[PDB]
Amino acid sequence: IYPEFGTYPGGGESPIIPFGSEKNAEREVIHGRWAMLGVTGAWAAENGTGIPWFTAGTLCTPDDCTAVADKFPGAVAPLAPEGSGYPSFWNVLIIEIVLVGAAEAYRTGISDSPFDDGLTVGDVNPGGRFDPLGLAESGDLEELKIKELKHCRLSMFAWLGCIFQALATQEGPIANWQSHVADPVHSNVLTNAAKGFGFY
Amino acid sequence: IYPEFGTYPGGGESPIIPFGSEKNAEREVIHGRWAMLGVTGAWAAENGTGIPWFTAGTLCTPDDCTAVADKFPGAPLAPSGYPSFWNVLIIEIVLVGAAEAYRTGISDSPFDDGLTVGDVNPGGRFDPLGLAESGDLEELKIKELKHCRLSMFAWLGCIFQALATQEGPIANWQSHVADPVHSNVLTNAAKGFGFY
Amino acid sequence: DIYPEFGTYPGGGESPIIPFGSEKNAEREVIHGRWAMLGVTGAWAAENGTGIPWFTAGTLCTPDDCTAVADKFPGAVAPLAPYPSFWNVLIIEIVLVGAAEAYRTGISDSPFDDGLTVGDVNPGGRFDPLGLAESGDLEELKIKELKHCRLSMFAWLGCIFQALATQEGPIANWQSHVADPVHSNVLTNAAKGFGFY
Ligand SMILES: CC1=C[C@H](O)CC(C)(C)[C@H]1/C=C/C(C)=C/C=C/C(C)=C/C=C/C=C(C)/C=C/C=C(\C)CCC1=C(C)C[C@H](O)CC1(C)C
């Protein structure tokens, strides 16, 4: 259901853009799960540490990646020994791209499917293996599907936000949010347009 | 008649961007009217006041929109710092929200005048002179969409130019007329847009 | 395996991303890319011959005059200028290119009328002077040109993008990258902030 605006892929069509390829539905949902994780990560990283997500791109560089050690709120220990440099960027990126590429190739059937029970390639939400808690079978899986997709679109809008705010304010989404909640009259996009977004 | 590149929706129907729905034709002509009003409003704003159109909002302020009071040439817009930005905004939100709800039909009908909800240029009521019936309607809609498209392209130019020159549309007009060959787009790029 | 790269060619198979139903854009991709390949190729050739970036090569010429190119070419036995004037080369450029466009798209009559249909992107009847069209099979050679066409369009997009980020020039960016690839790339230039941040 979409009383707010638009509709879901199963029924109806967007007047703003024709449906086109089907696989856009699959593409949209995965994009949204990713933006959910990205926005939440931006939110929580800048909540605990304070640094914006976009600046946090340089959180690890081939010369400087041991900086990340113990950069987590309340973390029991640092990620790696402090000042060792053993948490090199080369290592952490290699491990990352290995685990991601394996997950994505198993997702899309590039390589194989290690699990032998269904798990059809090309589905948003199989739920054989990727539902350990049984909340889909518990009920309202379809309601949860609409809920999922709406959270997807909201989070992609939020991520497009966080990108835009970075491009204009250069301050970070939570810092912008705190500034807006403190004095909403004089902390908005248009007063930043009046200052000229820095570039003007 | 539309003897120009492309084709009006419902005619020959040969678009660059695929014709997804009629509703895009509706959005084009409605964007076109608002861009018509935007272009002529900017033109009159800065030939009268002398400021860039985009800074007009900057000249108004939430605390003092009396900064824009009586900016109109040849005319007391308001007597005290009475005109507030929220004041004009709440009058505004009511009027434009009514008019839009009335146009699309989310609210009830204003009147039982034979009007068709959701259709452009229905005419009759919205034509006090009756030009729609006095002239043949078809070529008149062609002119409607043609001027709509021209003003939209003008508005796209004005926004991108406010981004480029940072001086406003008359300033581009004046820079271009006083020196056509130099002080143009490619000289502005040559000397830099202020960033390079 | 002809075109195992991502996607499919316009003649056969629907795209993987953007659906389409018009053959006009299928024509247009290959001409846009051909124009790109000439642009990108000239990017190296010019930037290597003169040692300046292509985007400042545009403004090297002024409306008042265009003499900067005189003896700017590498190995020129005689400079092209002896009227090194922009408008003198402009009218001849716009007339020659305009005529070419009219002749290739059908605005004006073809000067040869050798059967080259303007609608056809491959009027080999007068084109491919070497005659490689008939020396080898045409289909594979269509694919090869197309692949390069897409390659060079993406390279032009990336070229212009790097132009806007670093303003140092595509091949100067290349030299900086190969000099120290670890600490010279898009992400370290974004760490500097592309100059604007
Ligand atoms: C966690 C975190 C912390 C670190 O510190 C830094 C870090 C970078 C690592 C970071 C990690 C980041 C990650 C993983 C991000 C993932 C992002 C993703 C996948 C975003 C998706 C973005 C999606 C967009 C734009 C879509 C736009 C589409 C739009 C508007 C149109 C929608 C639309 C449709 C089709 C039909 C309607 O009817 C009408 C309209 C036209 C409106």
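Please quote Rg/Rh for the protein assembly as shown to two decimal places, taking the Kirkwood radius as Rh and restricting both calculations to Cα atoms. Could you put the intermediate results ahead of the total?
Values: Rg = 29.9 Å, Rh = 30.7 Å.
So for the protein assembly as shown, dividing Rg by the Kirkwood Rh gives 0.97.
In straight-distance terms, cross-link reach from C:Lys72 covers every one of the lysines whose alpha-carbon lies under 25 Å from its own, apart from those fewer than eight places away in the same chain; here that gives B:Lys191.
Charged side chains reduced to their Cβ positions (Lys and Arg at +1, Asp and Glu at -1) give chain C a dipole of some 600 debye around its Cα centre. Taking θ as phi - 60° and the Karplus parameters 6.51, -1.76 and 1.60, the scalar couplings of segment A:119-133 work out to 6, 5, 5, x, 10, 3, 8, x, x, x, 9, 8, 10, x, 8 Hz in sequence order, x denoting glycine and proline. What the Cβ-Cβ distance of B:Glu13 and A:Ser14 gives, at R0 = 25 Å and to the nearest 0.05, is a FRET efficiency of 0.75.
For segment A:67-125, the list of chymotrypsin sites (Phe, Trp or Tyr not before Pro) that fall in a loop by DSSP and count at most 15 other C-beta atoms within 10 angstrom reads A:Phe115.
Distance between the pseudo-spin-label points of C:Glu134 and C:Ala68 (7 Å out from Cα toward the beta carbon): 4.6 nm.
If you take the C-alpha gyration tensor of chain A, multiply each eigenvalue by 5 and take the square root, what semi-axes do you get, largest first, in whole Å?
Semi-axes from the Cα gyration tensor: 33, 29, 16 Å.
Of all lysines in the structure, not one lies under 16 Å Cα to Cα from C:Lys24 without also being fewer than 8 positions from it along the same chain. Exposure proxy shown here: for C:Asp120, B:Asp112, C:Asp114, the number of other Cβ atoms within 10 Å sets the order, fewest to most, as B:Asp112, C:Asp114, C:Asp120. Remark on chain A: A:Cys152, A:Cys162 stand apart, with no other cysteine beta carbon under 4.7 Å. Computed over chain A, relative contact order equals 22 percent, with contacts defined as Cα pairs under 8 Å that lie 6+ residues apart. Here the translational diffusion coefficient of segment C:40-149 follows from Stokes-Einstein with Rh set to the Kirkwood radius across Cα pairs; for 10 °C and 1.306 mPa s it amounts to 92 µm²/s.
Sparsely packed loop sites in segment A:36-100 (the GluC sites (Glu not before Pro) outside DSSP H, G, I, E and B with at most 14 other Cβ atoms within 10 Å) comprise A:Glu82.
For segment C:102-197, the Kirkwood radius over C-alpha pairs fed into Stokes-Einstein at 25 °C and 0.890 mPa s yields D = 143 µm² per second. In sequence order, segment B:2-14 has phi-based couplings of 10, x, 9, 2, x, 8, 4, x, x, x, x, 6, 10 Hz under the Karplus curve 6.51 cos²θ - 1.76 cosθ + 1.60, θ = phi - 60°, and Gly or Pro positions carry x. Label-to-label distance for B:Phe195 and B:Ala25 is 3.8 nm, based on points extended 7 Å past Cα in the beta-carbon direction. Taking 7 Å steps out from each Cα toward its Cβ at A:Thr58 and C:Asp114 produces label points 5.9 nm apart. Starting from the Kirkwood radius over alpha-carbon pairs of segment B:40-105, derive D by Stokes-Einstein at 4 °C in a medium of 1.567 mPa s and give it in µm² s⁻¹. In µm²/s, the coefficient is 97. Of the chymotrypsin sites (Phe, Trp or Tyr not before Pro) found in segment B:115-160, those in coil by DSSP whose Cβ has at most 15 other Cβ atoms within 10 Å are B:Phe126. Secondary-structure-derived ellipticity at 222 nm for chain B, considering helices only, amounts to -17000 deg cm²/dmol, per-run term -39500 (n - 2.57) for DSSP H runs with n ≥ 4. Note on chain A: with a GNM built from Cα contacts shorter than 10 Å, the maximum mean-square fluctuation among A:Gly109, A:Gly50, A:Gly41 falls on A:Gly109.
Each value in this text was obtained by applying a stated rule to the coordinates, not by laboratory testing. Neighbour counts are summed over all protein chains in view; Cβ atoms, including those assigned to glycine, are modelled from backbone coordinates with ideal geometry.
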